[PDB]
Every structure is written in C-alpha cells, then in structure tokens.
Amino acid sequence: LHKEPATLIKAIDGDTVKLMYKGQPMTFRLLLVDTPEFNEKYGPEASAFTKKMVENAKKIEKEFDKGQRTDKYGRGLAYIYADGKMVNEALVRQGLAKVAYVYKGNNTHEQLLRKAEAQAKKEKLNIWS
Ligand SMILES: Cc1cn([C@H]2C[C@H](OP(=O)(O)O)[C@@H](COP(=O)(O)O)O2)c(=O)[nH]c1=O
Ligand SMILES: [Ca+2]
C-alpha cells in the first residue's frame, strides 16, 4: 500500500473524519477499528483523541487497502496518518478502539493492530480496564 495526501475538513468522532477527496466532502471510516459512540463510555475520549491527533498534525495522509474503498453507506474506507503516525493504530494502542470489522482483502494492517490491542489489554487501558 502507499500513503497519499488527505485534506481534512473536520473530525467527526473516534473513528470517522470528514475529508475533501477529489473535491467531494466525504465521511471516511477508519479501517479495522471500532470506537465507542460519542455518548457511550470512552466515546468522548476516543472522539477527543482522534480530533486532536488529526487537527494538530501538520499533514494528514490516507492509505487505501486492496479491497473496497467505500462502504455500503458511501463512506470512504482508509487508514489515516497524522504526521506519519497511524490514527487507527494509536487508538487501539491506547485502548480507545477495538480491532473490529476485519474483512478479507482490506486487512493489510490487521496483525499490527492486534499487536497494539494485546498491549492495551495487558495494560488494562480504557475499554480493557
Ligand atoms: C469499518 C467498516 C464498517 N463497515 C460497516 C459495517 C457495519 O454495517 P452494519 O451497519 O450493516 O452493521 C457499519 C459499522 O459502522 P460504524 O461502527 O461506524 O457504526 O459499517 C463496512 O462495511 N466496512 C468497514 O470496513
Ligand atoms: Ca463506532
């Protein structure tokens, strides 16, 4: 896979952000993760983490996987990087998302994210507390 430029319109919640992609405003859903909804436990924290991570970055990039690039709701599906650091991975490592929605052919970073999740579990962080 490779990174390509992304243009942030605004953060939405733990695992969605609004990008301008080819001049279209689109919701993008982070691959391989699930954060709580905003009004569930750790939901405000996951939202705040993703929001600061993407807003405070000099640069965000996106990386499509090999399969579907949009879901059945018309959301973009990508890994998102902020100054080179994967948001999807950082959420799982901090126990603010579970690894989830793992579909064959869009699962390149599965093992990387499972490694982070196991460490968040070992440390009993957030969701795993
Ligand atoms: C992350 C992801 C979610 N989805 C779908 C699965 C769920 O559909 P169903 O709604 O039919 O249960 C939904 C979860 O999104 P959210 O976790 O954003 O609510 O989005 C995909 O189709 N592909 C994906 O890669
Ligand atoms: Ca979610």
Side-chain angles (χ1 to χ4, degrees):
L1 306 187
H2 71 278
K3 302 183 278 270
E4 58 187 86
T7 298
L8 177 69
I9 299 172
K10 68 179 178 214
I12 301 168
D13 76 348
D15 61 20
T16 54
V17 296
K18 194 111 222 155
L19 301 185
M20 187 75 77
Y21 181 43
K22 298 279 222 292
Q24 303 306 333
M26 286 185 64
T27 293
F28 269 65
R29 174 60 164 83
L30 292 192
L31 282 168
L32 304 187
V33 304
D34 180 51
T35 50
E37 302 269 38
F38 179 75
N39 49 13
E40 306 173 49
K41 203 182 164 54
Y42 306 111
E45 291 82 6
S47 289
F49 190 87
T50 293
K51 175 167 187 293
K52 290 199 77 179
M53 192 164 170
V54 300
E55 283 182 356
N56 292 338
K58 289 173 258 268
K59 198 210 212 156
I60 61 162
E61 296 168 288
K62 66 170 86 77
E63 182 174 55
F64 293 105
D65 210 320
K66 295 298 193 188
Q68 278 210 141
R69 293 184 172 207
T70 54
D71 69 13
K72 62 174 178 276
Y73 297 115
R75 301 182 299 179
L77 291 174
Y79 307 101
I80 303 293
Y81 296 79
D83 292 335
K85 297 304 162 70
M86 197 197 303
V87 177
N88 314 50
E89 195 271 357
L91 283 160
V92 172
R93 180 64 181 83
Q94 295 307 317
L96 292 172
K98 301 185 185 181
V99 172
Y101 299 106
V102 184
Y103 301 109
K104 114 190 190 142
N106 260 355
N107 73 338
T108 295
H109 298 313
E110 175 177 13
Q111 281 320 304
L112 169 82
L113 270 37
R114 293 198 188 277
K115 175 174 192 175
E117 192 187 73
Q119 189 64 34
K121 288 188 184 205
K122 179 173 188 141
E123 299 172 354
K124 301 181 232 277
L125 299 179
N126 296 311
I127 291 173
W128 311 116
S129 71

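Index from 1, following the sequence.
Note on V102: it clusters hydrophobically with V92, by side-chain heavy-atom contacts below 4.5 Å among ILVMFWY residues. Under the 4.5 Å side-chain contact rule for hydrophobic residues, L1 and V87 share a cluster.
Side-chain N or O atoms of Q119 include none that pairs as donor or acceptor with a backbone N or O of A116 at under 3.5 Å. Side chain of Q68 to main chain of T70: a donor-acceptor pair is present (N/O by atom type, distance under 3.5 Å, no hydrogens or angles).
Counting heavy atoms from C-beta outward, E63 and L31 have side chains that stay 4.5 Å or more apart. Counting heavy atoms from C-beta outward, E110 and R114 have side chains that approach closer than 4.5 Å. Annotation: side chain of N126 is not in contact with side chain of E45 (no heavy-atom distance under 4.5 Å). When side chains are defined from C-beta on, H109 counts as touching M86, because their heavy atoms get closer than 4.5 Å. A heavy-atom distance below 4.5 Å is found between the side chains of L112 and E89. In this structure the side chain of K122 never reaches within 4.5 angstrom of the side chain of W128, judged on heavy atoms. Considering only heavy atoms from C-beta on, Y81 comes within 4.5 Å of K3 through its side chain. Taking 4.5 Å as the limit, every side-chain heavy atom of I12 sits out of range of all side-chain heavy atoms of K51.
A side chain to side chain contact (heavy atoms under 4.5 Å, CB included) with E117 is found for exactly one of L91, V99, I127, namely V99.
Smallest separation of non-hydrogen atoms from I80 and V54: CG2-CG1, 4.3 Å. Of all the heavy atoms in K62 and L19, the pair that sits closest is CE-CD1, 3.7 Å. The shortest non-hydrogen separation linking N88 to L30 is ND2-CB, 3.5 Å. Contact between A82 and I60 at its shortest, heavy atoms only, is CA-CG2, 4.1 Å. What you find for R93 and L125 is that their closest heavy atoms are O-CD1, 3.5 Å. Nearest approach of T35 to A97, heavy atoms of both residues: CG2-CB, 3.7 Å.
Here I9 contributes atom CD1 and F28 contributes atom CZ; the two are 10.0 Å apart, rounded to the nearest 0.5 Å. Separating the OH atom in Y103 from the CG atom in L77 is a distance of 9.5 Å, to the nearest 0.5 Å. Atoms CG and OG1, from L96 and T50 in turn, are 8.0 Å apart once rounded to the nearest 0.5 Å. Note: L32 CG to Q111 CD = 10.5 Å, rounded to the nearest 0.5 Å.
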* Apply side-chain hydrogen bond (donor to acceptor under 3.5 Å, both in side chains) to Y79 and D65, showing your working. => CA-CA 8 Å; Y79 307 101; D65 210 320; 2.6 Å; yes
* Report the C-alpha separation of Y42 and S47 in whole Å, then their side-chain angles, then the decisive distance to 0.1 Å, and conclude whether the side-chain hydrogen bond (donor to acceptor under 3.5 Å, both in side chains) test is met. => CA-CA 8 Å; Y42 306 111; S47 289; over 6 Å; no
* **Steps toward side-chain contact (heavy atoms from CB on, under 4.5 Å) verdict (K59, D83)** => CA-CA 5 Å; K59 198 210 212 156; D83 292 335; 3.7 Å; yes
* Test log, rule side-chain hydrogen bond (donor to acceptor under 3.5 Å, both in side chains), inputs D13 and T16 -> CA-CA 5 Å; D13 76 348; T16 54; 2.6 Å; yes
* Asked: Hey, mind stepping through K18 and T27 against side-chain hydrogen bond (donor to acceptor under 3.5 Å, both in side chains) and telling me if it holds?
  -> CA-CA 4 Å; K18 194 111 222 155; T27 293; 2.8 Å; yes
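We find that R29 and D34 are joined by a salt bridge, their nearest charged nitrogen and carboxylate oxygen being less than 4.0 Å apart.
With ring centers used as reference points, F64 lies under 6.0 Å from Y21.
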